[PDB]
Amino acid sequence: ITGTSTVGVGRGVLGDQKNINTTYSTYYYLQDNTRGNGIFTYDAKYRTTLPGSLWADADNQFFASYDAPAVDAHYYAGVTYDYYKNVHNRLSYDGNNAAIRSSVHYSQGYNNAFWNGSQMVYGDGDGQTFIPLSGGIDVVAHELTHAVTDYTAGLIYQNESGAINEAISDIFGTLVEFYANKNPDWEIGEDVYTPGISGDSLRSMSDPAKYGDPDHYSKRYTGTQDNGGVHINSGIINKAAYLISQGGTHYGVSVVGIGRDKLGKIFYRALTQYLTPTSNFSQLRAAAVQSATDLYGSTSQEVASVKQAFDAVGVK
Ligand SMILES: [Ca+2]
Ligand SMILES: [Ca+2]
Ligand SMILES: [Ca+2]
Ligand SMILES: [Ca+2]
Ligand SMILES: [Zn+2]
């Protein structure tokens, strides 16, 4: 909408106060004009029609329980935009400052979030498996990263390419969580998963097997559920990425860690210069090795560590 840029205040899903960029024209809308061609947050009103209505508020204060998922979807989309711009010199998901749209209050009791080809979509959860999913910065960044993937490598959402797609979203979801630097970890979704159980998460990158996901290629799933295991076999790549950053010895193979920033540089370059829609895990290894070679040199520690990490997870 046409209007003037304003600054509202509210509370997110976890009860924390934050400022949000809004637009005033009769109402205050969740429209942040400070980033690219805008970040826009919509109310799906417990239905499944998308996007729903651009979020309108009479007073620019967003402290109601109903407001909290919208506050966080809007704010964390801004953090994710900032990460891609400041860290990777990428302007929005398309590289040309496309408007970023999210809808909250999608459906009833909806235990998921997704990118629908055009926008992000967040359920409220059923209150037991999840609370509203936009409360997780790793979740928001996971979803926006699907848009980045779709505009770049275009990894098909099935089998190995789809597991790479998923891992890219978990990797950058985690790197955005570290960028914001509030309780960062190598777990996925811990802030919104199972409010009655402390210390758990939906997936672990540091130890995928904690939640039954493979941490070695010899343990990959090859059935048909979950699009051929895209959220399962992502554990093999998540583990490799964790090892590249943090190091460790895994199935007897030692990896020298190189840190998160270099992990992000290597995987961003692989995603945007080397991966294709049909890349498999072996092709990802080759893309990561080439990316590290471009950035750091063929004789570098960074190249050696990429090779170590893929060896550790059984990917040649
Ligand atoms: Ca209000
Ligand atoms: Ca965390
Ligand atoms: Ca996390
Ligand atoms: Ca929990
Ligand atoms: Zn995903």
# chains A, B, ... in the order shown; residues from 1 in each chain; ligands from 1

$ residues_near_ligand --ligand "ligand 1" --cutoff "8 Å" --atoms "only C-alpha atoms and all ligand atoms" --output "mmCIF file with N, CA, C and O atoms, in the first residue's frame"
data_model
loop_
_atom_site.group_PDB
_atom_site.id
_atom_site.type_symbol
_atom_site.label_atom_id
_atom_site.label_comp_id
_atom_site.auth_asym_id
_atom_site.auth_seq_id
_atom_site.Cartn_x
_atom_site.Cartn_y
_atom_site.Cartn_z
ATOM 1 N N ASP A 57 -3.588 -2.884 11.570
ATOM 2 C CA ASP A 57 -3.685 -2.641 12.998
ATOM 3 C C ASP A 57 -4.001 -1.172 13.264
ATOM 4 O O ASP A 57 -3.435 -0.292 12.625
ATOM 5 N N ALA A 58 -4.943 -0.919 14.168
ATOM 6 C CA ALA A 58 -5.398 0.453 14.388
ATOM 7 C C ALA A 58 -4.365 1.370 15.039
ATOM 8 O O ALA A 58 -4.373 2.572 14.757
ATOM 9 N N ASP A 59 -3.496 0.864 15.922
ATOM 10 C CA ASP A 59 -2.691 1.725 16.776
ATOM 11 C C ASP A 59 -1.185 1.513 16.690
ATOM 12 O O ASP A 59 -0.448 2.212 17.396
ATOM 13 N N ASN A 60 -0.701 0.615 15.839
ATOM 14 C CA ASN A 60 0.737 0.381 15.693
ATOM 15 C C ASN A 60 1.361 -0.311 16.900
ATOM 16 O O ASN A 60 2.582 -0.323 17.040
ATOM 17 N N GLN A 61 0.540 -0.901 17.759
ATOM 18 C CA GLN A 61 0.983 -1.684 18.908
ATOM 19 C C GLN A 61 0.505 -3.111 18.700
ATOM 20 O O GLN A 61 -0.671 -3.324 18.416
ATOM 21 N N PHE A 62 1.393 -4.073 18.850
ATOM 22 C CA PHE A 62 1.126 -5.449 18.445
ATOM 23 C C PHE A 62 1.406 -6.399 19.615
ATOM 24 O O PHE A 62 2.244 -7.300 19.545
ATOM 25 N N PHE A 63 0.653 -6.210 20.714
ATOM 26 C CA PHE A 63 0.830 -6.978 21.944
ATOM 27 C C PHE A 63 -0.256 -8.011 22.183
ATOM 28 O O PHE A 63 -0.230 -8.694 23.210
ATOM 29 N N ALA A 64 -1.215 -8.158 21.279
ATOM 30 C CA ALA A 64 -2.248 -9.161 21.473
ATOM 31 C C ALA A 64 -1.701 -10.537 21.146
ATOM 32 O O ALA A 64 -0.816 -10.690 20.315
#

$ closest_atom_pairs --of "chain A" --to "ligand 2" --cutoff "6 Å" --atoms "only C-alpha atoms and all ligand atoms" --output "tab-separated table"
residue	atom	partner	partner_atom_place_in_ligand_line	distance
A:183	CA	ligand 2	1 (Ca)	4.5
A:184	CA	ligand 2	1 (Ca)	4.1
A:185	CA	ligand 2	1 (Ca)	4.9

$ select_by_dssp --residues "region 167-209 of chain A" --states "helix (DSSP H, G or I)" --output "number ranges by chain"
A: 167-180, 208-209

$ write_last_selection --atoms "N, CA and C atoms" --output "PDB file, in the first residue's frame"
ATOM      1  N   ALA A 167      18.693 -29.560   3.260  1.00  0.00           N
ATOM      2  CA  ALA A 167      19.864 -29.239   4.055  1.00  0.00           C
ATOM      3  C   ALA A 167      20.281 -27.789   3.853  1.00  0.00           C
ATOM      4  N   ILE A 168      20.195 -27.276   2.620  1.00  0.00           N
ATOM      5  CA  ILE A 168      20.514 -25.867   2.391  1.00  0.00           C
ATOM      6  C   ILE A 168      19.634 -24.968   3.261  1.00  0.00           C
ATOM      7  N   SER A 169      18.343 -25.281   3.341  1.00  0.00           N
ATOM      8  CA  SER A 169      17.443 -24.526   4.205  1.00  0.00           C
ATOM      9  C   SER A 169      17.782 -24.668   5.691  1.00  0.00           C
ATOM     10  N   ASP A 170      18.175 -25.864   6.150  1.00  0.00           N
ATOM     11  CA  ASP A 170      18.584 -26.012   7.546  1.00  0.00           C
ATOM     12  C   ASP A 170      19.903 -25.289   7.828  1.00  0.00           C
ATOM     13  N   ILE A 171      20.854 -25.380   6.898  1.00  0.00           N
ATOM     14  CA  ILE A 171      22.154 -24.733   7.050  1.00  0.00           C
ATOM     15  C   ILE A 171      21.969 -23.225   7.163  1.00  0.00           C
ATOM     16  N   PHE A 172      21.315 -22.608   6.176  1.00  0.00           N
ATOM     17  CA  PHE A 172      21.148 -21.159   6.234  1.00  0.00           C
ATOM     18  C   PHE A 172      20.165 -20.739   7.318  1.00  0.00           C
ATOM     19  N   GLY A 173      19.180 -21.570   7.656  1.00  0.00           N
ATOM     20  CA  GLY A 173      18.348 -21.264   8.809  1.00  0.00           C
ATOM     21  C   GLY A 173      19.193 -21.126  10.061  1.00  0.00           C
ATOM     22  N   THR A 174      20.126 -22.055  10.234  1.00  0.00           N
ATOM     23  CA  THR A 174      21.048 -22.030  11.365  1.00  0.00           C
ATOM     24  C   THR A 174      22.014 -20.854  11.292  1.00  0.00           C
ATOM     25  N   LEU A 175      22.577 -20.577  10.113  1.00  0.00           N
ATOM     26  CA  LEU A 175      23.486 -19.451  10.018  1.00  0.00           C
ATOM     27  C   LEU A 175      22.779 -18.129  10.300  1.00  0.00           C
ATOM     28  N   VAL A 176      21.505 -17.992   9.906  1.00  0.00           N
ATOM     29  CA  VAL A 176      20.746 -16.789  10.260  1.00  0.00           C
ATOM     30  C   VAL A 176      20.504 -16.739  11.761  1.00  0.00           C
ATOM     31  N   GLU A 177      20.200 -17.882  12.375  1.00  0.00           N
ATOM     32  CA  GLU A 177      20.057 -17.923  13.826  1.00  0.00           C
ATOM     33  C   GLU A 177      21.339 -17.460  14.527  1.00  0.00           C
ATOM     34  N   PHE A 178      22.502 -17.912  14.060  1.00  0.00           N
ATOM     35  CA  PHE A 178      23.744 -17.412  14.630  1.00  0.00           C
ATOM     36  C   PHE A 178      23.948 -15.925  14.356  1.00  0.00           C
ATOM     37  N   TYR A 179      23.575 -15.455  13.162  1.00  0.00           N
ATOM     38  CA  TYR A 179      23.713 -14.034  12.821  1.00  0.00           C
ATOM     39  C   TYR A 179      22.944 -13.161  13.801  1.00  0.00           C
ATOM     40  N   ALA A 180      21.721 -13.560  14.138  1.00  0.00           N
ATOM     41  CA  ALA A 180      20.925 -12.783  15.096  1.00  0.00           C
ATOM     42  C   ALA A 180      21.465 -12.943  16.513  1.00  0.00           C
ATOM     43  N   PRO A 208      22.391 -35.794  13.809  1.00  0.00           N
ATOM     44  CA  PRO A 208      21.082 -36.099  13.197  1.00  0.00           C
ATOM     45  C   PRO A 208      20.439 -37.348  13.757  1.00  0.00           C
ATOM     46  N   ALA A 209      21.257 -38.323  14.151  1.00  0.00           N
ATOM     47  CA  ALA A 209      20.738 -39.600  14.594  1.00  0.00           C
ATOM     48  C   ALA A 209      19.932 -39.475  15.886  1.00  0.00           C
TER      49      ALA A 209
END

$ residues_near_ligand --ligand "ligand 4" --cutoff "10 Å" --atoms "only C-alpha atoms and all ligand atoms" --output "PDB file with N, CA and C atoms, in the first residue's frame"
ATOM      1  N   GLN A 128       0.593 -28.435  21.064  1.00  0.00           N
ATOM      2  CA  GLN A 128       1.295 -29.560  21.674  1.00  0.00           C
ATOM      3  C   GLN A 128       2.541 -29.952  20.893  1.00  0.00           C
ATOM      4  N   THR A 129       2.421 -30.221  19.596  1.00  0.00           N
ATOM      5  CA  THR A 129       3.604 -30.479  18.778  1.00  0.00           C
ATOM      6  C   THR A 129       4.350 -29.190  18.476  1.00  0.00           C
ATOM      7  N   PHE A 130       3.605 -28.108  18.236  1.00  0.00           N
ATOM      8  CA  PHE A 130       4.174 -26.811  17.921  1.00  0.00           C
ATOM      9  C   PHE A 130       3.343 -25.695  18.531  1.00  0.00           C
ATOM     10  N   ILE A 131       4.028 -24.587  18.792  1.00  0.00           N
ATOM     11  CA  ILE A 131       3.427 -23.260  18.923  1.00  0.00           C
ATOM     12  C   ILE A 131       3.639 -22.545  17.587  1.00  0.00           C
ATOM     13  N   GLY A 189      14.363 -25.758  14.928  1.00  0.00           N
ATOM     14  CA  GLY A 189      12.994 -25.618  15.386  1.00  0.00           C
ATOM     15  C   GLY A 189      12.780 -25.685  16.879  1.00  0.00           C
ATOM     16  N   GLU A 190      13.849 -25.715  17.666  1.00  0.00           N
ATOM     17  CA  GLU A 190      13.739 -25.873  19.110  1.00  0.00           C
ATOM     18  C   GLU A 190      12.866 -24.813  19.772  1.00  0.00           C
ATOM     19  N   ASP A 191      12.781 -23.601  19.214  1.00  0.00           N
ATOM     20  CA  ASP A 191      12.044 -22.545  19.891  1.00  0.00           C
ATOM     21  C   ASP A 191      10.543 -22.709  19.796  1.00  0.00           C
ATOM     22  N   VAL A 192      10.047 -23.494  18.843  1.00  0.00           N
ATOM     23  CA  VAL A 192       8.619 -23.634  18.628  1.00  0.00           C
ATOM     24  C   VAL A 192       8.132 -25.066  18.755  1.00  0.00           C
ATOM     25  N   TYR A 193       9.011 -26.041  18.904  1.00  0.00           N
ATOM     26  CA  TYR A 193       8.636 -27.438  18.988  1.00  0.00           C
ATOM     27  C   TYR A 193       8.367 -27.840  20.427  1.00  0.00           C
ATOM     28  N   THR A 194       7.270 -28.593  20.616  1.00  0.00           N
ATOM     29  CA  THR A 194       6.906 -29.272  21.871  1.00  0.00           C
ATOM     30  C   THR A 194       7.107 -28.374  23.081  1.00  0.00           C
ATOM     31  N   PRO A 195       6.216 -27.414  23.281  1.00  0.00           N
ATOM     32  CA  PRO A 195       6.335 -26.538  24.449  1.00  0.00           C
ATOM     33  C   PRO A 195       6.365 -27.273  25.778  1.00  0.00           C
ATOM     34  N   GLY A 196       5.810 -28.478  25.862  1.00  0.00           N
ATOM     35  CA  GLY A 196       5.872 -29.234  27.103  1.00  0.00           C
ATOM     36  C   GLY A 196       7.131 -30.053  27.339  1.00  0.00           C
ATOM     37  N   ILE A 197       8.082 -30.051  26.414  1.00  0.00           N
ATOM     38  CA  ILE A 197       9.306 -30.838  26.520  1.00  0.00           C
ATOM     39  C   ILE A 197      10.495 -29.916  26.285  1.00  0.00           C
ATOM     40  N   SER A 198      11.374 -29.790  27.266  1.00  0.00           N
ATOM     41  CA  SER A 198      12.561 -28.951  27.123  1.00  0.00           C
ATOM     42  C   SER A 198      13.722 -29.723  26.490  1.00  0.00           C
ATOM     43  N   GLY A 199      14.524 -29.033  25.682  1.00  0.00           N
ATOM     44  CA  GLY A 199      15.795 -29.586  25.230  1.00  0.00           C
ATOM     45  C   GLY A 199      15.736 -30.410  23.971  1.00  0.00           C
ATOM     46  N   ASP A 200      14.570 -30.493  23.339  1.00  0.00           N
ATOM     47  CA  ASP A 200      14.399 -31.248  22.113  1.00  0.00           C
ATOM     48  C   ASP A 200      14.270 -30.293  20.929  1.00  0.00           C
ATOM     49  N   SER A 201      14.158 -30.873  19.746  1.00  0.00           N
ATOM     50  CA  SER A 201      14.078 -30.106  18.513  1.00  0.00           C
ATOM     51  C   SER A 201      13.528 -31.039  17.439  1.00  0.00           C
ATOM     52  N   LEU A 202      13.305 -30.468  16.261  1.00  0.00           N
ATOM     53  CA  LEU A 202      12.754 -31.238  15.160  1.00  0.00           C
ATOM     54  C   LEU A 202      13.829 -32.054  14.443  1.00  0.00           C
TER      55      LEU A 202
END

$ atom_distance --atom1 "CA of residue 56 (chain A)" --atom2 "CA of residue 42 (chain A)"
8.6 Å

$ select_by_dssp --residues "region 163-236 of chain A" --states "strand (DSSP E)" --output "PyMOL selection string"
chain A and resi 187-188+203-204

$ closest_residue --among "A:288, A:205, A:7, A:13" --to "ligand 3" --atoms "only C-alpha atoms and all ligand atoms"
A:205

$ closest_residue --among "A:21, A:279, A:299, A:116" --to "ligand 5" --atoms "only C-alpha atoms and all ligand atoms"
A:116

$ residues_near_ligand --ligand "ligand 5" --cutoff "8 Å" --atoms "only C-alpha atoms and all ligand atoms" --output "PDB file with N, CA, C and O atoms, in the first residue's frame"
ATOM      1  N   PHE A 114       5.828 -23.480   5.132  1.00  0.00           N
ATOM      2  CA  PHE A 114       6.294 -23.815   3.792  1.00  0.00           C
ATOM      3  C   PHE A 114       6.426 -22.565   2.947  1.00  0.00           C
ATOM      4  O   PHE A 114       5.875 -21.508   3.261  1.00  0.00           O
ATOM      5  N   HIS A 142      14.738 -20.881   7.225  1.00  0.00           N
ATOM      6  CA  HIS A 142      14.596 -22.112   6.439  1.00  0.00           C
ATOM      7  C   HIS A 142      13.616 -21.889   5.292  1.00  0.00           C
ATOM      8  O   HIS A 142      13.877 -22.263   4.141  1.00  0.00           O
ATOM      9  N   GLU A 143      12.468 -21.290   5.592  1.00  0.00           N
ATOM     10  CA  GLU A 143      11.446 -21.069   4.556  1.00  0.00           C
ATOM     11  C   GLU A 143      11.912 -20.102   3.491  1.00  0.00           C
ATOM     12  O   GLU A 143      11.746 -20.352   2.289  1.00  0.00           O
ATOM     13  N   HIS A 146      14.226 -21.621   1.000  1.00  0.00           N
ATOM     14  CA  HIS A 146      13.632 -22.367  -0.109  1.00  0.00           C
ATOM     15  C   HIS A 146      13.425 -21.472  -1.329  1.00  0.00           C
ATOM     16  O   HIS A 146      13.633 -21.910  -2.473  1.00  0.00           O
ATOM     17  N   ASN A 165      18.321 -29.711  -1.073  1.00  0.00           N
ATOM     18  CA  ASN A 165      17.438 -28.560  -0.923  1.00  0.00           C
ATOM     19  C   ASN A 165      17.111 -28.346   0.552  1.00  0.00           C
ATOM     20  O   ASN A 165      17.274 -27.244   1.101  1.00  0.00           O
ATOM     21  N   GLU A 166      16.667 -29.412   1.230  1.00  0.00           N
ATOM     22  CA  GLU A 166      16.347 -29.331   2.647  1.00  0.00           C
ATOM     23  C   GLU A 166      17.547 -28.927   3.488  1.00  0.00           C
ATOM     24  O   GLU A 166      17.420 -28.077   4.383  1.00  0.00           O
ATOM     25  N   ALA A 167      18.693 -29.560   3.260  1.00  0.00           N
ATOM     26  CA  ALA A 167      19.864 -29.239   4.055  1.00  0.00           C
ATOM     27  C   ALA A 167      20.281 -27.789   3.853  1.00  0.00           C
ATOM     28  O   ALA A 167      20.690 -27.127   4.809  1.00  0.00           O
ATOM     29  N   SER A 169      18.343 -25.281   3.341  1.00  0.00           N
ATOM     30  CA  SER A 169      17.443 -24.526   4.205  1.00  0.00           C
ATOM     31  C   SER A 169      17.782 -24.668   5.691  1.00  0.00           C
ATOM     32  O   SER A 169      17.664 -23.691   6.433  1.00  0.00           O
ATOM     33  N   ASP A 170      18.175 -25.864   6.150  1.00  0.00           N
ATOM     34  CA  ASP A 170      18.584 -26.012   7.546  1.00  0.00           C
ATOM     35  C   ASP A 170      19.903 -25.289   7.828  1.00  0.00           C
ATOM     36  O   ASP A 170      20.074 -24.683   8.894  1.00  0.00           O
ATOM     37  N   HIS A 231      13.527 -34.733   4.151  1.00  0.00           N
ATOM     38  CA  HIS A 231      13.776 -34.242   5.501  1.00  0.00           C
ATOM     39  C   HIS A 231      14.528 -35.251   6.361  1.00  0.00           C
ATOM     40  O   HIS A 231      14.775 -34.985   7.549  1.00  0.00           O
TER      41      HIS A 231
END

$ closest_residue --among "A:276, A:102, A:181, A:222" --to "residue 138 (chain A)" --atoms "only C-alpha atoms"
A:181

$ closest_residue --among "A:305, A:282, A:218, A:234" --to "residue 262 (chain A)" --atoms "only C-alpha atoms"
A:305
